[PDB]
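Written out below as structure tokens is the structure these notes cover.
Neighbour counts run over all protein chains shown; Cβ positions are idealised from the backbone, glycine included. Each answer follows from the model by the rule given with it, or from the source it names; these are not laboratory values.
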Amino acid sequence: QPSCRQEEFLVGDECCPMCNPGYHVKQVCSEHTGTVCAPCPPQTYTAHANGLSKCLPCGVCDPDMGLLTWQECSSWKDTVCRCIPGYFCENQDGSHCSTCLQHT
């Protein structure tokens, strides 16, 4: 419930500057010290300014769900999946193209 500016995150009694997309918090700020950020390791990403200690694991494209991987995740963006021909997906979620719908 304490409030922080835009692009800060709350840790104990401190509002800390956020890390940029592609980075995670390596060290939280302190009384005398600003945030330390590190780039996402392989197979992880962050797509937004953030206060996460770790980057998020990259998604996998489930071929049982009718998906193929169309583009590999990068450190600032998750794996892009697509449906097989004859399906459509709705990109409405944080999981984006993840369900292969078909007309009846």
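Checking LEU68 against (1) assigned by CATH to the domain that holds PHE9; (2) in contact with a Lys or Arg (Cβ under 6 Å, 6 or more places away or on another chain): exactly one of these is not met. Which one? Of everything listed in (1) assigned by CATH to the domain that holds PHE9; (2) in contact with a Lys or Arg (Cβ under 6 Å, 6 or more places away or on another chain), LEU68 misses just condition (1).
For (1) part of a strand (DSSP E or B); (2) farther than 19 Å from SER75 by Cα; (3) touching an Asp or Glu at 6+ places or on another chain (Cβ under 8 Å); (4) among the aliphatic types (A, V, I, L, M), each residue gets a yes or a no:
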site: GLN1; (1), (2), (3), (4): no, yes, no, no
site: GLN6; (1), (2), (3), (4): no, yes, no, no
site: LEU10; (1), (2), (3), (4): yes, yes, no, yes
site: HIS24; (1), (2), (3), (4): yes, no, no, no
site: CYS37; (1), (2), (3), (4): yes, no, no, no
site: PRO42; (1), (2), (3), (4): no, no, no, no
site: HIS48; (1), (2), (3), (4): no, no, no, no
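Taking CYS55 as the residue in question, decide whether it is in contact with a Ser or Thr (Cβ under 9 Å, 6 or more places away or on another chain), more than 26 Å from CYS29 (Cβ to Cβ) and not charged (D, E, K, R). Spelling it out, it is not the case that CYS55 is in contact with a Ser or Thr (Cβ under 9 Å, 6 or more places away or on another chain), more than 26 Å from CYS29 (Cβ to Cβ) and not charged (D, E, K, R). In segment 36-52, the residues that are closer than 17 Å to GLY94 by Cα form Cβ pairs under 6 Å with partners that are basic (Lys, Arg) and in a strand (DSSP E or B), at six or more places apart or across chains, as follows: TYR45/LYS77; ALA47/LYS77. Which condition number in (1) under 30 Å from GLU14 (Cα atoms); (2) surrounded by 12 or more Cβ atoms within 10 Å (Cβ to Cβ); (3) under 16 Å from the mean Cα position of the chain (by Cα) is the one that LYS26 fails? Against the list (1) under 30 Å from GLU14 (Cα atoms); (2) surrounded by 12 or more Cβ atoms within 10 Å (Cβ to Cβ); (3) under 16 Å from the mean Cα position of the chain (by Cα), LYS26 comes up short only on (3).
State whether the residues of segment 68-87 include one that is among the hydrophobic types (A, V, I, L, M, F, W, C), in contact (Cβ under 8 Å) with a residue 40 or more places away in the chain and assigned to a strand (DSSP E or B). Within segment 68-87, none of the residues are among the hydrophobic types (A, V, I, L, M, F, W, C), in contact (Cβ under 8 Å) with a residue 40 or more places away in the chain and assigned to a strand (DSSP E or B).
Scanning segment 45-78 for residues that are of a type in the set (S, T, N, Q) and surrounded by 19 or more Cβ atoms within 10 Å (Cβ to Cβ), which turns out nearest to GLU7 (Cα to Cα)?
Kept after step one, since they are of a type in the set (S, T, N, Q), are these residues of segment 45-78: 46, 50, 53, 69, 71, 74-75.
Within this subset, residues satisfying the condition of being surrounded by 19 or more Cβ atoms within 10 Å (Cβ to Cβ) are 46, 50, 75.
On the way: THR46: 14, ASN50: 8, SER75: 19 Å.
Going through the qualifying residues, I end up with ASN50.
A search for C-beta distances below 6 Å between a residue of segment 1-24 that is over 18 Å from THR46 (Cα atoms) and any residue that is of a type in the set (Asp, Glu) and not in a loop (DSSP other than H, G, I, E, B), counting only pairs 6+ apart in sequence or on different chains, returns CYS15/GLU8. In segment 78-92, how many residues are touching a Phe, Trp or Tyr at 6+ places or on another chain (Cβ under 7 Å) and among the hydrophobic types (A, V, I, L, M, F, W, C)? Residues that pass the stated criteria total 2.
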